[PDB]
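One structure is given here, and the rest of the page talks about it.
Lettering of chains follows the sequences in order, A, B, ..., and the numbering in each one begins at 1.
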4 protein chains.
Amino acid sequence: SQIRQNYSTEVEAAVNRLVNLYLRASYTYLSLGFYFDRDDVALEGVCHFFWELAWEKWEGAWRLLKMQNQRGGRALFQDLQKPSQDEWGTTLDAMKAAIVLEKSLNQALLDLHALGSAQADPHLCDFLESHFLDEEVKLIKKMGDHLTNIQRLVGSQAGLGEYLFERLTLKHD
Amino acid sequence: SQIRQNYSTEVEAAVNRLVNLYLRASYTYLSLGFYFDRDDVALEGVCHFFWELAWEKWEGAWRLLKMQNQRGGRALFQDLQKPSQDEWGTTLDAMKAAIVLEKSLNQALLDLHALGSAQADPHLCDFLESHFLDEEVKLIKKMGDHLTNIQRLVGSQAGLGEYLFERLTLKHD
Amino acid sequence: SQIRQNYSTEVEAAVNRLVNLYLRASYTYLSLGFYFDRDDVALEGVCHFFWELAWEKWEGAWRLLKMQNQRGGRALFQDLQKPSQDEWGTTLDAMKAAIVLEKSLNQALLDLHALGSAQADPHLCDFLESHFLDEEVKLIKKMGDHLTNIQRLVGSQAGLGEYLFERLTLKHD
Amino acid sequence: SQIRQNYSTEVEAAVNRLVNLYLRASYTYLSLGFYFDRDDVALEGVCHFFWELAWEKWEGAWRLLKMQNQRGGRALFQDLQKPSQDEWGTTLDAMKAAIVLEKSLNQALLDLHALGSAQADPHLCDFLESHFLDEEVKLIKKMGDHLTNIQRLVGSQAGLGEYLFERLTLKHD
Ligand SMILES: [Cl-]
Ligand SMILES: [Cl-]
Ligand SMILES: [Cl-]
Ligand SMILES: [Cl-]
C-alpha cells in the first residue's frame, strides 16, 4: 500500500470484525423495530427508538469502513448472522436485550482500543475515543435510565405501565 | 350511452351496491361519534376518530359515484339501513365493531376488483387500487394497533385505561 | 391475526425472502462503494453511485417490512450472505455485476407479482407496481446507458476512459 | 518557568525539531507551487494544490510554537534547509515527492506522540491527536487517491493525461 503507515494487520482484521458486529447490531435493531410495529404489539415510540439505533449502527459501520480505507487497510465483509430472536417479548425484555447488545459492542470497542494502544496506533485510539466510546457510554446510560423507568412502571398493571412508558417517555407522532 | 366502453352491467350494479355499503358505513360512524359525544360517555378523541371516518366514507361514496358517471354507468340509490346498534358499549366494543365494518368494506372492494379482473376492466381495477385498497389496509392496521393498545390498558382498572387511551393516543382539543 | 385479510402464507414467505434479497443487495452495494473508495482504486463518482444504491436497497427492504406488518404477516429474518466478491475489478466489471444483481431483484419482484396475481392479492400487486417495478426498470435502463458509455470509452486507453467516465458522467464533489 | 508543569526537556526539544520539519515542508511546497506556475510547466490546479499545502504547513508550525509557549517551553529556531529539488518533474513525480514528505512528517508526529506517552504527557498526546494526526491521515489518503488517478491517466499519452488530471480533478479558476 502506497499510504499505509503504522497500521497493523491485527488492527485491520479487528476493524473488519467490528464492522461485522455493528452490521449485526443494525440488523438486530431493524428486527426489534419491526416487532414493535406489529399490529399485535403496536408501541410506536419503542419501534422508533429501535429504528433510530438500526440507522446509528449502520452509520457506525460506514465510519469504520471509511477509516479502514483512510489508513490503507482492506475492507473484508463476512456473512451477517440473523438476530438472536424472532419475537422480542415486552418493552422490558427488548430494552434488556438492547443493553446486553450495547455492552458487547462497548467491550469490542474497548478491546480494539487496547490493541491500538499495544500497537502504538494513536490515530486508531483517537478515532475510537472521538466517534464511538462516548456515544456508547451515553447510549448505555440512556438505556439504563429507560430500564429503571420501565421496571418502576410494572407494578401489578404491566400493560398500563408499558403503554405509559411508550406514550410519556419515548418519542412518537 | 355515448361514452360507455368496456363497462359491464355487472360492474355497474356492483358499484351501486358498494355505494350503498359506503353510505351505510358513513351512517354507522355518525352514530358511533354521537354516542361518544353523550354527556354520560364523554370521550372526545373517540368521537373525533369516528366522525372523521363518517366523512371519509361519505367521500368514498362520492368518488365511486363520480367514477360511475365517468364510465357512463347510472347511479341508482337504494334505501340506507340504520346502523347495527343504538349504543356502542366501551371504546373497545366500538373499535371491534369498526374493524368488523372495515373488513366487510375491504371484502366488498376485493370482490369488485376480482369482478373487474374477470371482466378485463383495468380502469376499474386501477381505480380501486389507487383510491381504496391501500386506504383500507392502512385504516385496518391503524384500528388493529388501537385494539392492541386498548386491550393492554384494560388490566383491572377499565375506566382508567379507557380515559388514558382517549387522552394519550386519540386526537382531541 | 386481527387484521390479516386476503394475505396468503405463500406471499408472506415470499416477501420475507425478498427482504433478504434486498438486504443482500444493499450489502453488495456497500462493498462495491468501499472498493471504489480504496486509495488504489480512487473513483469518487463510482463510489457515490454504489453507496446511493446501498441506501436505496436498505430502504426497499424497510418498505417491504412495513407492508408485511400492514398486511398482518410476520417479518422473519434470515442470515445475510456476504457479497459475491471482495474486489470488484474495473468500473465496467462492477457495472456488469450491478446489472446482473438488478435483473435478479427484478425477476424476484416479477415472480412475487405473478404469485400475488395467482392468489388474487391486488393490494400486493399494486404495492409492487407503485414502489418497485418502475424503479427497477428505470435503474436497469440507467445501468445499461452507463455500460454503453463505459464500453465506448475503453478503446486502447482503458485508464483514460475510466477516469473520464467517472469525471464527466458520475456525480462527484 | 512559572507555568511549566509535566513538560519534559525531551518533548520541548522534539517540538522545536518538528517546527523545523514543518517550516521545511512549507518551503518545499512553496517551491513545488512556483515550479508549476512556470510558463513552461503551466498547471494551475497543481500550483494551487501545493501553495495551499505551503500555507497549511506554515500554520502547523505556528500551532506547534503556540503550544510550546502554552506549556512554558522555549521556541528555538534553527536554519531551514532548502528543498530537495529545484525542478520537480511531472505532476506524478511531484505528487510522489509530496507523499514521501508527508509520510516523513507523519512519522515525526508518531515519534513525538510515542515520546509524550512514554513521558506521561497527555496534553501533548491529545494536542497531536486533535490537530495533526487525522489531518495527516486525511492528506496522505488524498495524495494516494491523486497518485492512483495520475497513474491511470499516463497510458501512452502522458501530456493528455497530465492536462486532464489538472483540469478535471484539481481546483482552478
Ligand atoms: Cl445465527
Ligand atoms: Cl336495518
Ligand atoms: Cl455466501
Ligand atoms: Cl540542504
Side-chain angles (χ1 to χ4, degrees), chain A residues 29-54 85-95 97-98 142 145-155 158-170 172, chain B residues 43-46 48-50 52-53 90-95 97-107 109-110 133-155 158-170 172:
Chain A
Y29 286 129
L30 182 70
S31 177
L32 273 159
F34 278 105
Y35 169 79
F36 284 99
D37 178 68
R38 288 175 46 173
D39 73 273
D40 62 352
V41 177
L43 291 166
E44 183 177 322
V46 184
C47 161
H48 290 179
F49 178 85
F50 292 130
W51 284 335
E52 167 67 20
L53 287 177
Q85 308 172 209
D86 297 327
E87 294 188 307
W88 299 96
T90 61
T91 304
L92 177 55
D93 295 318
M95 194 67 67
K142 179 60 69 176
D145 292 352
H146 285 342
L147 283 168
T148 294
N149 279 281
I150 294 160
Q151 284 164 338
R152 72 169 38 91
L153 279 161
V154 175
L160 170 63
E162 189 163 24
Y163 179 76
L164 288 169
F165 182 75
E166 181 272 334
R167 288 288 86 185
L168 298 180
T169 295
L170 302 176
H172 51 83
Chain B
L43 291 166
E44 183 177 322
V46 184
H48 290 179
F49 178 85
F50 292 130
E52 167 67 20
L53 287 177
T90 61
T91 304
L92 177 55
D93 295 318
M95 194 67 67
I99 208 181
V100 169
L101 177 52
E102 290 304 325
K103 284 195 210 151
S104 80
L105 293 182
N106 197 214
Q107 191 59 238
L109 288 167
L110 292 174
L133 295 190
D134 190 50
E135 307 290 77
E136 198 56 39
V137 158
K138 279 176 170 51
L139 178 56
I140 295 167
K141 170 60 162 68
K142 179 60 69 176
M143 288 178 174
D145 292 352
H146 285 342
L147 283 168
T148 294
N149 279 281
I150 294 160
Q151 284 164 338
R152 72 169 38 91
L153 279 161
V154 175
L160 170 63
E162 189 163 24
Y163 179 76
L164 288 169
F165 182 75
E166 181 272 334
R167 288 288 86 185
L168 298 180
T169 295
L170 302 176
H172 51 83

| Value rounded to 0.5 Å, distance of CZ in A:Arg38 from NZ in B:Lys141 | 10.5 Å

| query | Does the side chain of B:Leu168 come within less than 4.5 Å of A:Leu164's, by heavy atoms? | reply | yes

| said: Does any part of the side chain of A:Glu44, heavy atoms only, come nearer than 4.5 Å to the side chain of B:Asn149, both counted from C-beta? | reply: no

| message | Let me confirm one number: the CG-CD distance from B:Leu153 to A:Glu162, rounded to the nearest 0.5 Å. | response | 10.5 Å

| remark: Between B:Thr148 and A:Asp39 the two heavy atoms that sit nearest each other are OG1-O, 2.6 Å

| field | Separation of B:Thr169 OG1 from A:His172 NE2 (nearest 0.5 Å) | value | 7.5 Å

| request: Mind listing the closest non-hydrogen atom pair of B:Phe165 and A:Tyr163 along with its distance? | output: CA-OH, 3.4 Å

